[PDB]
Structures are given as C-alpha cells and as structure tokens.
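Below: one structure, written as structure tokens.
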Amino acid sequence: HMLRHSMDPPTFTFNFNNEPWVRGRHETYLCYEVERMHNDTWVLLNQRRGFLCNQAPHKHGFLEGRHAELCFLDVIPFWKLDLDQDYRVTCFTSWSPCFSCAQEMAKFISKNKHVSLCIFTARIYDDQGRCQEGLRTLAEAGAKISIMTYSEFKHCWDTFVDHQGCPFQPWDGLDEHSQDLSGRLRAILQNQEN
Ligand SMILES: [Zn+2]
C-alpha cells in the first residue's frame, strides 16, 4: 500500500538527493513543461512535471546529445498543430543550454520566433567562453532564460511539486552559485568586454 506520490520518501532515505548535475556520468536528467496554444489563445494540457532520460535508436538515423533545449524543440512537432496556433514552452533544469545545443535551438527560434521558450535554470559551470556563442544566441534570438535564485528556487518547487509550499529551503551558497550563472548570462549577452 504505497503512501504518497510526492517524490521524497525514497529519494530522501536512499541517499541525500546527491543527484549531481546534468550529464553526470550515468545518464541525463531534467524536467520540462510545455503548453500548446489554440489560435489567438492558450491551452494547458493535463501534465505537471515530466521528462525522459536517455534516447532510443531510430534505426539508421540517430540524433546527437539533445539537451533540454532541443528536447521541446522536438516536442512541438510532436502534437503537429496548425500555424494559426502557437506553443508556449517552459523548461525546468537547474542546468542552462550549451554553446551548440543552444544554436540548434536558437535557429528553430531565430528562424521562427513563432516559438517561445522560458528556461528556468539554477547554475552552470564551464571553462569555455568563446563557445558561449549559442548561449547569447538562443537567449537573444528568442529563448527567455532566467537565473533561478533563492526566491525562484523555493519557487521552482512551488511550480511542479505537489506542494505550492514545499519544505525545501535555501542555503548560504545560492550566492556563489547565482553569481556564477547570473554574472554569466549577463555577461554572455552584455558581451562583458575584456
Ligand atoms: Zn548540450
């Protein structure tokens, strides 16, 4: 006789949500929420939080490491609406996009703003810089990125978690973290000179 579906009892006991960052060393992991628009208006499917890890073989025609970004980019053509309609996508991944994955996406976007991505990410850590190309490209080209800070954090739960008032709490680190993502997102776009 199971208790509640509110994920927490097993993940809590098993370990300590040590769940490292995306693309750890076993398999991807991320949440994504999208909605389909019907004509000049919006529609909300019957789904809260959902996603899928690892991809399957398409037999003679496999795709590359599609990240959350391309993930929805791939769902929209899944419902196969019409044109007069629209798509308001929302991605939830403590991790932001990538130099390339961002491009792929940005295109689909820049090429057709008809899409609206609202990415809510927590923090990213890389040692590139010049590759940021896509980053500022899919971000400006039409993807709305947001740095999920303390407030947006407890909120991130309040978004998909079966408790608009989950018991999660902020740690005296969000500072360094936020700074990193923010200072960056800012930078990459604000092309912070030398
Ligand atoms: Zn990627």
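Quick note: the coordinates plus some simple rules give every number you see, no bench work behind them. Every residue, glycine as well, gets a Cβ built from its backbone with ideal geometry; the counts of neighbours run over all protein chains shown.
Some notes on this structure:
- Net charge dipole size for region 36-77 [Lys, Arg +1 and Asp, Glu -1 on Cβ; Debye, nearest 20]: 200
- Whole-Å distance, taken between Cα centres, linking region 50-98 and region 1-47: 15
- Label separation (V75 vs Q169): 3.3 nm, computed from points 7 Å beyond Cα along the C-beta direction.
- Projecting the Cα atoms of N17, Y87, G183 onto the charge dipole of the chain, computed from C-beta unit charges around the Cα centre, puts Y87 farthest toward the positive end.
- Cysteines without a disulfide-compatible partner [the chain; Cβ-Cβ under 4.7 Å]: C31, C53, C71, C91, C118, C131, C156, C166
- Within the chain: Cβ-based charge dipole about Cα centre, in debye rounded to nearest 20 (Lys, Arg +1; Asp, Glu -1): 380
- Listed cross-link partners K113/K154; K107/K144; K59/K107; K80/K113 are compared with a 22 Å cut-off, the Cα-Cα value being larger for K113/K154; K59/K107.
- Candidates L63, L138, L117: whichever shows maximal mean-square fluctuation once the chain is modelled as a Gaussian network with Cα springs under 10 Å: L63
- Relative contact order for the chain, counting Cα pairs under 8 Å that sit 6 or more residues apart, in percent: 18
- Added length on full extension, which subtracts the Cα-Cα distance from 0.36 nm per residue, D180 to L52: 43.3 nm
- Residues of region 148-168 with amide N under 19 Å of the 7 Å Cα→Cβ point at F12: 154-168
- Most mobile listed residue (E69, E176, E35) in the chain, GNM with C-alpha springs under 10 Å: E176
- Along region 62-68 the Karplus relation, 6.51 cos²θ - 1.76 cosθ + 1.60 evaluated at θ = phi - 60°, assigns HN-Hα couplings of 8, 8, 8, x, 6, 8, 2 Hz to successive residues, with x for each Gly and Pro.
- For the chain, alpha-carbon Rg and Dmax in angstrom: 17.6, 61
- The length gained by stretching the chain between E27 and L3 to full extension, at 0.36 nm per residue less their Cα-Cα distance, is 5.9 nm.
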